[PDB]
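**Student:** experimental structure and sequence below, a few questions after.
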Amino acid sequence: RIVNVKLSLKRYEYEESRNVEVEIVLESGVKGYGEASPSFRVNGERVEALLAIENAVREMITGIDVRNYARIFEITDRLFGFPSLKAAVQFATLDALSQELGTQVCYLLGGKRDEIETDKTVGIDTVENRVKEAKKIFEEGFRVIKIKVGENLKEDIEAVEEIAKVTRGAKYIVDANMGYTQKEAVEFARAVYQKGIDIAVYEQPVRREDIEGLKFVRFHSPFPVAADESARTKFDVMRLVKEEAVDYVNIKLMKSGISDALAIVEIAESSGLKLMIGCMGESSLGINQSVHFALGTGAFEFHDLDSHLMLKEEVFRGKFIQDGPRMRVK
Amino acid sequence: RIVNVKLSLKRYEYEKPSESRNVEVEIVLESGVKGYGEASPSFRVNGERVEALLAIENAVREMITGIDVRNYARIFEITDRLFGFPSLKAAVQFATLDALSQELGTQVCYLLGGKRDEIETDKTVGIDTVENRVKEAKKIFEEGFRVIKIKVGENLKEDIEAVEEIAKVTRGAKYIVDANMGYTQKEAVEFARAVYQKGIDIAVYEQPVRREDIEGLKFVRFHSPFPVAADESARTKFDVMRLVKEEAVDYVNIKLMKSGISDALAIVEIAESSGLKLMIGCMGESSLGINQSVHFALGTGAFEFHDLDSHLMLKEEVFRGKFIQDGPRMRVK
Amino acid sequence: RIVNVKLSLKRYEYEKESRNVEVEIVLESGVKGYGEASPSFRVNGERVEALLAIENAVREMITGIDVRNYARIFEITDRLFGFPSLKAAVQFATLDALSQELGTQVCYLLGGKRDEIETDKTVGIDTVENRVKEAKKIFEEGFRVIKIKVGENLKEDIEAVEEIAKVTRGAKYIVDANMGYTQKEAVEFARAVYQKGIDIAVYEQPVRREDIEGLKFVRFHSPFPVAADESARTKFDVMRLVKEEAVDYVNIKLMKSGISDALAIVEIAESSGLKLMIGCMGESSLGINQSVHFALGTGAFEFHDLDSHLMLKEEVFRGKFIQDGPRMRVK
Amino acid sequence: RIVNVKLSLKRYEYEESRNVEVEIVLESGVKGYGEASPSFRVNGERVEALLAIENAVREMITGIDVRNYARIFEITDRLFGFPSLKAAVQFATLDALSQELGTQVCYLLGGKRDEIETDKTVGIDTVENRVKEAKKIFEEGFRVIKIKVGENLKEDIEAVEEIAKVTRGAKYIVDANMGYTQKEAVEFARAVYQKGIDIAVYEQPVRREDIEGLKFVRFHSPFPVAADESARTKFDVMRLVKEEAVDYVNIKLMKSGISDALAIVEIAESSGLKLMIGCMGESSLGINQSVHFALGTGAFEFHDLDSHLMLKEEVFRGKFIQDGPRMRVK
Amino acid sequence: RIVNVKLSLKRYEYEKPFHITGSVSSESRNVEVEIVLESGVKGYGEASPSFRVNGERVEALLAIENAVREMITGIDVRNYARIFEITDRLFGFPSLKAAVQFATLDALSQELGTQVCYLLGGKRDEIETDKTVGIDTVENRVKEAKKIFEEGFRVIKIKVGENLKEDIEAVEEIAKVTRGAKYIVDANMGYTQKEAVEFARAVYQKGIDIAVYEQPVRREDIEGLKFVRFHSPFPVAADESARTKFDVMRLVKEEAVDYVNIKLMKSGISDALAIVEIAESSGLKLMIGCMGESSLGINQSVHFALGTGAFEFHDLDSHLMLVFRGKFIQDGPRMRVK
Amino acid sequence: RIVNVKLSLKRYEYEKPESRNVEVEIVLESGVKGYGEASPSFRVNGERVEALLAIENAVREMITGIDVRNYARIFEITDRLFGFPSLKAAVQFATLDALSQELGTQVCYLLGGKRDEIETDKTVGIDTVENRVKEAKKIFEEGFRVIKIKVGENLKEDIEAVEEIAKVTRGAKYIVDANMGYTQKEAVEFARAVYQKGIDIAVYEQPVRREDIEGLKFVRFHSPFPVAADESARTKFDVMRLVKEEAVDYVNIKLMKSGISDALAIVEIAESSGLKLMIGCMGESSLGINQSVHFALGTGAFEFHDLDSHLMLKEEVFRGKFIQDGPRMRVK
Ligand SMILES: [Mg+2]
Ligand SMILES: [Mg+2]
Ligand SMILES: [Mg+2]
Ligand SMILES: [Mg+2]
Ligand SMILES: [Mg+2]
Ligand SMILES: [Mg+2]
C-alpha cells in the first residue's frame, strides 16, 4: 500500500525544461518514480498548476495497494486535465509494483523486445544550421531523423531535400506540428515525393480538431500520415479509427497516461493502425517511462524519445541502458 | 524459461443432459514452477474438435519451448497463430500467466490489475419443458443466485412463456437471455417486445440472430428495449472493432475460449473506449478452467455480468481452481 | 449411399515437402470418389495432424447419405469451417462419385462452360538473379501468364518485377504481395511498376486480411485491378467485400471455401461486377483436379493459378484431366 | 446436342391462362419440356410476342450439347425481355439433361428435400367471399394461406382478421401487390398485429421501384417483408441486399429464369435473406419447374406454387407427386 | 380521337456493316407506326428496336399490334398524357412505346396547326449532329474519320471497347486528321473499370480532349461508372445504364455520371421528358442518341432536341448511315425547323 | 410575338380574418391577350407586392419580341426572376394562356389534358376550438370532403381542435398544415396524439422550420401519416435535395413558389422517385387560381388539391377560365 506521494519541481537546462517528478512510497519501503513533463500547447497544462494539486493527488491514491493498480489507474484517469501528472503517477505505481514483484516494468508490460531505436530531432532553424545538425546526428549513429517543419512550406520543402542529401541511408519522420492547411500539407508531401525522398511518417500536418483534414491528407499523401495532437485519449483514437483518418497515431505518455496508452495500443493493433511513440521534455528518469513502455509492449514501428538527449544531467537517472541511438534493459 | 509443455484429455460428467471433454495444458519452467490452463473447445462456435486439439501437442510444444515467461508477450504473439484452435490459445496463454505470476510471487488477477476482489456469476436454466424450466429456476434462485441465464431460441411462443413463468418464481433476480442465434430479426424483436409488455426486464439479450448477421444485431438493438449482446459474432478483437464501427451492439460477451487472453485484453480496451458494456461467459470449463476467467474478471474488473457456471454443472471430487467459490460469489484468497 | 469415407496422409516432394490429406468416398454401388485437402496453417489456421485426427467424425457426418442428395452432404460439411481444406476435399469427392454414377464428369455437372483453361506458373521470392532465371525457364516452357510473389522488400520487389518483365515480353503478370505491404507501400508498388510501363493483370492481397479499408484504398489508387485472397475465404467474406466495394477481384481457393462457398462466390461475383481468378495451396495432381473441373465447369475465371502439382514430384499423374503445357482440358 | 426446339401456345381454363410450352429434342431422342407463363404487368411480356420469336430461340441454342448447359444459360440470359421463355428453355434444357444422366432435375440441383408444402391463394373479393375461400382452403388441408390485398386498406385489414378466425392453426402470407403507400403499408401491418394476428411473409406492399419504401416498411413492420416485383434479376437482389431493404425475396422462375434464380439463392444464403418461391399462371407441367427447383435447392421457407391448382387439366403433366398441399418426387 | 393504329415492317440497309463492341449490323428493320384520327389527320412514328440494349426483337413488336390498338383507340390526342401513361406499360417494347407516343404528338400538332418541336417548347431553331466512326482496322477508322471531317462534321463519335491498345491508337490517329473537331468516345460497356480509366489517361496524356466518354463499363456496374467518373479527366456518360427515368434518378442519387445519353428508343417520350427535368435539376448534362432510325424515325428525336433544346451534343446520324421522310431540314451536319 | 407586358395591382377583400395581387397581362401582335396573377408572399418567398410592381419595365424588356410558340425561351429567361417567384409564375402562365389561344385550345390540354376534373379542400384557419368546429361544420355542409386544418401555435389546443373537427365532419379526409410551428419532438407528438384518437391525417404539411430537412426526415420516420414539404420545397433544386435526403412523403407544389418552370420539373422528379404530390396556393383570386387549376388538370399529378384562396375572397364576377362546381373544378 502507498503511504505517501510527493511532487517536486525539477528543472533541466537544454544545450530550460520544467518537469514535476513524482515519488510514491509504499509500506514496504519501496519507492516508485515518475516524471510529468507538461505541455501548455498540447494539454493546456502549466507546471505551477501541476504543483498546486499535490495534496489532492496524495489523497486520491494513498492507502491503495499497488497490486490493485487498476484502481489507481481508474482514479488517476480523473486527472484528465493534468495528463502529464496522470502519466507520472501511473508509471510510478508500476515502477513500485515491479520492484515488489522482483522484476522490471517492461517485463510487467510483456517484455516483447529487448531493444528499441530512437530518432533524434532536427529542429526549426536556417536551412544551414538544420543540415549541419542533421550531419551531426547522422554521425552519432542515428538512422531515423525527425525533421520539424510547418511554418514555411517552400522553405520546409527545401530543408528536407538538403537534409536528405547529407544523410542518405537514414529514414525520415516529418512533424509539421499543425502548421499547414490541408492543401499545403498535401503539396508538402507531393513536392518531397517528386524529389525521390521518402518520409516514413508524416506527423500531424493540420489542426488538432481538423479530423477531416487529416483524412484528406492521408488520402492524397504518398507517405503514412500520423495523428499526434489529435490523439490524446483512447476516445480520440477510436474516433480517428471510426473516421478512417490516419495511418499512424503517435503516442505520448504525457498526453494519454499509461491507462489510455495501453488502450490505444490495443485499438491500433485491432484496426490496422501503426504506432510510434514520442515525448515532451522528459529528463532521463522521465524518458525511462516511455522506454519501458515501448520495450514491454513492443508496439511501435518508430521511437521519438530524444528529449533526455537535449538536456544536461549530472548523472543518468533512467532504469535502462542508453547506447548510441539504441535503448535496452539490463 | 519453458522447458516442457503437456496437453492432456480430461473428461467431466454433467448432472443433466452429458460430458465435457477438455484439454488441460501444463507448462513447466526450468525453475520448476508449473502453470496450468484448460481448453474447452466448441465445434459449433469455434469449429474445433477435441481430438484435433490433442493432435497438435508437438506443434504447441515447439512454438513456445525455450521462451522465458517474463517475455509473455512473445508467447502471446506466437500463440495468436493458433486462431484455428482458440480454446488452446487461451489455455496456453493463461498457463503462461499462471506460471509467471508464481515466479513473481503473486496471482494472475493482480497481474491483470487487481481491480476487484469479488464477482458474482449467474446460473443457467437450459432449454426444457416450461415446467422443468421453472423447476430449475426455483432451485437456482433458492441456491442464492440472483442473476439467472435463460436459454431460448427454439420456440418463440414457448420461450416467451418460459421467461414469464421463470420471472414469477424468482422475483428479485436479474435475467440474461441467450437465444443462441435461433431467431430471425423479426422474431428476436417480437421476443423482446412481448417480454417487455409483460413488465419483465432483461439485463442482457444475447446473440438472437445468426453470427454473420451484423446488420440483424443492429436491427434488433434498435428495436429492443433491452441491451443486445454479441457472443458468436464476437470471437476476435477484429470482430469487435467491426461491431463498434457498425454500432451493432450494446454488449459483447467475451469468452476466453473464443478470444484467448490476448484478444480478450484487446476487447476490454476497445469496449471501454467505445461505450460498450461487457459480460464474460464460458464453454465447458472445469474448475481449473473457470479459474482462468475468474482471475481475468477479477483482475480487469471489466464485466457487468459474469456467466461462469460451467464448473458448477460438472462433477468434480476435488476443486481445482485457484480461487474461492462462495455460493454465487467468487474471490481470491 | 456412402458406405465409407477414408482420410490418409499423402506426402509430396518439391522440385526445389507438401503434406496433404487424401479423401476417398466409397459408395454402396462400388463407386469411389476422391478429393484432396491441402491445409494451410497461415491462411486457414489448419495443421495436417489435426485434419487426420477427425477422420471418424467426418465419416460419421456423412456415411449413409445418398450422393444424389449432395446438397445435404454440402450443408453438413459446411460445419467443418475450421477444417476448410477437408470441407473442400469431402465435397469434391462427393461430386466425383456422383458424376461417375451419372455417367459424366464433374466439370459437366457444374455447367461444362469451357473445354480448356490456362494456368500461370510462379516465380517465388529469391535473389533477382534467381527470380529472372525462374522466369526465363517458365517463359521457355510456354507459360504466358506468370505469377510473381513479392511483399518482403518494396524496393527489391519493384526491381524484381521490372527484371522479370524484361525477359518475358509477351506475358501477362499477376503479383501476389501476400499481405506484406502497408497501404502506402502497396500503392507505391503499383505506381512504380506502372511508371515502368509494366502492366499487372491482377495485384493480389497487398495488405493484411482484416484490412478491408486498406484493400479499398489500394483499389482506388492502384492502376491495376486489386484482388482479395486471404480476405476472401467464405461467401460471407465476399458479400462483405462487395458491400464495401473493396476490390476488383476475388481469388477463389477451394481449400479456403470448399465447393459450397465457392459456388456462392461465383454467383455473388457475376451479380456484382466482381471478376475472379482461382488459386491453390499445395495440391498434387489429384487435388488440383478439383479446381480444374470447377474452373472448366463454371468457366468463371479470367485467370487460373493452378501450378501446385507442377512443383511436386509424382510417380504417376493422378488427375482426371489433361495437362498440356500451361493448358488443361477434359478428355 | 439439341437438334430442335419448338414453342406451342397452350391455353388453360380457370375454375384463362395462356402459356407457351417449350419442347427441346436432343440427337439421342430425349425430349425436354418447359413452360413459359408470361406476365405483362410484371415482366412486360405478351404471349403473342413470345410465340413470334420461336425461330430466334431455336437458332440460339440448336447444336449445343446439354452437358454444356452453362453455355445455353448464358445465351438465354440475353432473353431478359422474355424472362418466362428464358425460364422454360433453361428448365427444358435441365429436364433433357437429367434424363441423359439417368436422374431427375431436383437431384441434379442438389436433392436437398424430399417434400415441400405449397400454400393456396385467397383472392380479392368481398370480405364474405374471402372468408369462404379461406374456409374451403383450410378444409382441403392447406396450412399456409396466401391472402391478396392492396385495394382497400380498411377492408384488407378486416378480411385478414376474419380469415384468421376461421383458419386457426394456419400461417399467413399477405401479398399487397404494390397497392399500398409506405405509410398505408405500415398501418396495415400494425393494425393486423394489434389483433394478435401473425403474418409469416408480407409481400411487396409498395411499388417496384420504391426500394427505400420497402426498407421503410421493413423497419416498421413486425412481420418479415418480401420483395417480389422488385426482385426479378440477380442484380435487383444484389441491390436489395446492399440497401438492406427486405427480409425476404420471393423468387419466381418466370421473372428470373433458372440462371438468375440460382444466383439469387446463393446471394440470399450469403446475406441473411430468407426466400420463398412463387409462380405466375403455370399449368402442371410448368409448376413442375418450380417444384424440382424447390426440392433440389431446398432453399425456401415457403412455397406459393398453386397456379396449377386453379386451372383444369384432364391429364396431370407434372413430373412430381401432388398430395394435398404437399409435393414430392417419385 | 384515335380511330386506328397500324404497324408495318420497313427495312433499311446500311451503307456498310456497322461494328460496335460485341455487335455488327448492316441492316435496320424498323416498325413504323401510323395513327389515324377521326379528323382524318395521320400521325407517324418509328420504332427501331434493340435486342442488346432493350431486349426487344422486331418480330415481337409486330405481333402486338392488336394490344397497342386496344390500349389507345378512342382516346383524343389532346389528352396525350393519358396515352403516355397507358403506353408506359410497354416497358418491354420501349421503341414501340416511343413511336406511338411520338405519333400521338405528330397527329396532335397537326390538329393544332403547329409542329412537335413547338409543342415541346420550341427552344432552339437549330441543332448539330455528330457522325459515327465504327470499329474497324486503325487505317479504316482514320479513313472514315477523314471522310466524315471533310463532309463538315465537327463532332465525331468514335466507337471503341474491343481492344484498349488499338482504341488508344485509333483515337490518336483520328485526332491527327480531324483537328478542330470535338470527340465523343463510346466503349459500349467494353472495358473494366481499370481499363476505362487507363483509356482516358492515355488519351489525355496525348493532349487529346474527349467531350463525352460514353458507357465504358457494364450497364449494371453503377459503382464502376462512378469510379471511372472520379479518375477520368473527361465527362463520363451513361447510355445503356440509363433507359428509364428511374434508372436516371438512381444514377443521380449515386452521383455516378456527368452525362446521360437519352435515346427515345430506350425511354419513349414520357421518360425522356422526365429525364430532361431530372438532369436540369441535378447538374447533369445531356446528349441525345439513336438506334437504327430512318429519316422518319430520326425526325422524332430532332423535334425532341429542338423543342426542349436540352442537349449539349446530338448523336442523330442513323439516317445518314443508311428519299427524305423527316419533317425537318437536313443541312450538312445541321438540322433545322421548317 | 409579345408586344407588351403590363402589371397592375389588384386588391381583393377577404370575408373573414385583404389580398394584394399583381395581375399580368401579356399582349401579342395578333391581338391575343394572355393573363396571369402573382400572389406574393413575404413570409415564404420574401416578396413584397410593391417590389413586384416596381420591376414592370424590366419584365417587359426581358421577353418583348419573343414568340410565345418559343415558350421554353420565355421560361428560361423568366427563371432569372427567382427573387420574384410569384411574378415568374404569372408571366409564365400568361404566356401559355396566350399560346393556347393562338393554338385554339386550353392550357390544361397543352399540359397533357390528363384529367377532366379535380377536387379542392377548404381551409379551417386558426381560431378558438369553438369557431374551429364552427368553420369545419360549415365547410362540410357545403359538400367539401377534404378539409385543411391549420395548426402550429399551440400543440395541446391543436390536438383538441382536430379531434373536435373530426367528430363533426365524419367521412371527410384531413390535411394538417403546422406551418413550421413545431419542434421535431412536438411535431411527432401531434401525429401520435391524433393517431391514438383513431383519426387519420392524409397529409401532414411542413411541421418544422424550412431549413430543417433533417427534422422533416425525423418526423417522417415517426409519423404514421404522410409528411409533406411546403416551405422547404420552393425550387426543383430544393426537391431534388429532399429526394436525395429521403426527407418527405409529399411535396406541396405552389406555382407562386416555383413558377410553371420548376413546377413541371418537380412533377417529373416526384413521379420518378415515389414522391406523392399536392398543389396549394397563396392568396390568388379566381384569375390566379385558374393557373393552378389548368396545371392540375393538365398534369393530373396531384393526390390532393388545396386551391381555395379564391373561395375566401370576394369577387362579384368570376374571372377564371374553368368551371367551379361546388368543391370540384372542371374545364369547358
Ligand atoms: Mg508531434
Ligand atoms: Mg451465448
Ligand atoms: Mg494469394
Ligand atoms: Mg407477389
Ligand atoms: Mg452508346
Ligand atoms: Mg403550407
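**Tutor:** Nice, I can see it. Numbers count the residues shown, from 1 in each chain, chains lettered A, B, ... in the order given. Ligands and ions are numbered 1, 2, ... in the order given.

**Student:** contacts and neighbour counts: CA atoms only from here.
**Tutor:** Fine.

**Student:** give the contact list for residue A:248.
**Tutor:** A:201, A:224-227, A:273-276 (C-alpha atoms under 8 Å, 6 or more residues apart in numbering or on different chains).

**Student:** excluding chain neighbours, what is closest to it?
**Tutor:** residue A:226 (4.1 Å; C-alpha to C-alpha, 6 or more residues apart in numbering or on different chains).

**Student:** residues near the one you found, how many?
**Tutor:** Other residues within reach of residue A:226, judged by other C-alpha atoms under 10 Å in any protein chain shown, total 28.

**Student:** counting by contacts, list what the strand or helix carrying residue A:291 packs against.
**Tutor:** Using DSSP states H and E, the element containing residue A:291 is helix A:284-297. Using 3 or more C-alpha pairs under 8 Å, 6 or more residues apart in numbering or on different chains; DSSP states H and E, the elements in contact with helix A:284-297 are strand A:31-36, helix A:105-108, strand A:115-117.

**Student:** how much space separates the residue most central in space within chain A from residue A:37?
**Tutor:** Taking C-alpha atoms, centre = their mean, the centroid of chain A lies closest to residue A:278, which sits 2.2 Å from it. Computed with C-alpha to C-alpha, to the nearest Å, the distance linking residue A:278 and residue A:37 is 12 Å.

**Student:** now the contacts of residue A:248 as a markdown table including secondary structure?
**Tutor:** Converted to a markdown table, the contacts of residue A:248 look like this (DSSP: H, G, I helix; E, B strand; the rest coil):
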| residue | secondary structure |
| --- | --- |
| A:201 | strand |
| A:224 | coil |
| A:225 | strand |
| A:226 | strand |
| A:227 | strand |
| A:273 | coil |
| A:274 | strand |
| A:275 | strand |
| A:276 | strand |
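
**Student:** farthest pair in these?
**Tutor:** Farthest pair in the contacts of residue A:248 (C-alpha to C-alpha) is A:201 and A:273. Separation: 12.5 Å.

**Student:** ok, the two, which is more surrounded?
**Tutor:** Neighbour totals were compared for residue A:201 and residue A:273, and residue A:201 leads with 26 against 22 (other C-alpha under 10 Å).

**Student:** show me what that one bridges to in the sheet.
**Tutor:** In this structure, residue A:201 bridges to residue A:173 when assessed by DSSP bridges.

**Student:** ok, it - contacts?
**Tutor:** With contact set as C-alpha under 8 Å, 6+ apart, residue A:201 has these partners: A:172-174, A:223-226, A:248.

**Student:** for residue A:25, same thing?
**Tutor:** Taking C-alpha under 8 Å, 6+ apart as the test, what residue A:25 contacts is A:2-5, A:31-32, A:96.

**Student:** phi, psi of it?
**Tutor:** Taking degrees, to the nearest 10, you get phi -120, psi 130 for the backbone angles of residue A:25.

**Student:** now it: closest residue in space, sequence neighbours ignored.
**Tutor:** residue A:31 (4.5 Å).

**Student:** what separation do you get for that neighbour and residue A:156?
**Tutor:** According to C-alpha to C-alpha, residue A:31 stands 46 Å off from residue A:156.

**Student:** over to residue A:216?
**Tutor:** For residue A:216 relative to residue A:156 (C-alpha to C-alpha), the value is 20 Å.

**Student:** repeat for residue A:44
**Tutor:** 27 Å.

**Student:** which of those two has more residues huddled nearby?
**Tutor:** Neighbours per residue (other C-alpha under 10 Å) separate residue A:44 from residue A:156, with residue A:156 holding more: 21 against 11.

**Student:** buried residues of the helix or strand in which the more buried one is found, list them for me.
**Tutor:** Per DSSP H and E: residue A:156 is located in helix A:153-165. Within helix A:153-165, the residues that count as buried by 16 or more other C-alpha atoms under 10 Å in any protein chain shown are A:153, A:156-157, A:159-164.

**Student:** okay, those residues in CSV with distance to residue D:180 next?
**Tutor:** Putting those into CSV (distance: C-alpha to C-alpha, whole Å) gives the following:
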residue, distance to residue D:180
A:153, 62
A:156, 65
A:157, 64
A:159, 69
A:160, 67
A:161, 68
A:162, 72
A:163, 71
A:164, 70
